[PDB]
């Protein structure tokens, strides 16, 4: 029942179900305005991806691309397998008070189900050729899914410069579970105005959760 607008919208999520309690009481929620940063001696994140995108789903909240097993990242010496990537517009995270027009999330899970998410900002620019492959077959209605003709490598959607912001946060959609590793790439990717418009049109509106207070947290920068 949750949505991005109106009476079931983000400010009310925590009243929708008992299972959604973190929305109401969480102190380590995402997304955030990346505005309290410290330089830190972070390790580079090992990204071991293979071409594995298989399906594209419109779930009514985003366009979500499933990934087949075998691609992973390493964070804190632990392997987190890539499950899926999906999109938001405008950006969920803000960077010193400002939005980007689009943000991608690459969702990973370790063997115990702990999650790590890589966030990539997209600005308005040149047409993105990888996205175009997805956009071409993007389902227009909630609940529809389509198989991709050819497997896409999610690594092509990540910047080559891999410096990043890191913090401890949450899922940005209910149940907004905490304990999530957030890795937000410092370098922005690019897509066309037309691509952004198409995504927004299909979604029917904004698909970002409002930024949540950092509270005690600091954001570490590599």
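Residue numbers count along the first chain shown, from 1.
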Taking the deposited Cα B-factors and averaging over 46-54 and over 26-34, the higher mean is found in 46-54
The stretch carrying the higher mean Cα B factor in the deposited entry, 143-151 or 69-77, is 143-151
Of the three thirds of the chain ranked by Cα temperature factor, residue 93 occupies the lowest
Here the Cα B-factor of residue 181, set against its chain, lands in the third termed lowest
The third of the chain into which the C-alpha temperature factor of residue 166 falls is the lowest
Temperature factor at the Cα of residue 201, chain-ranked in thirds, falls in the middle
Chain-relative C-alpha B factor for residue 133 (record values, thirds): the highest
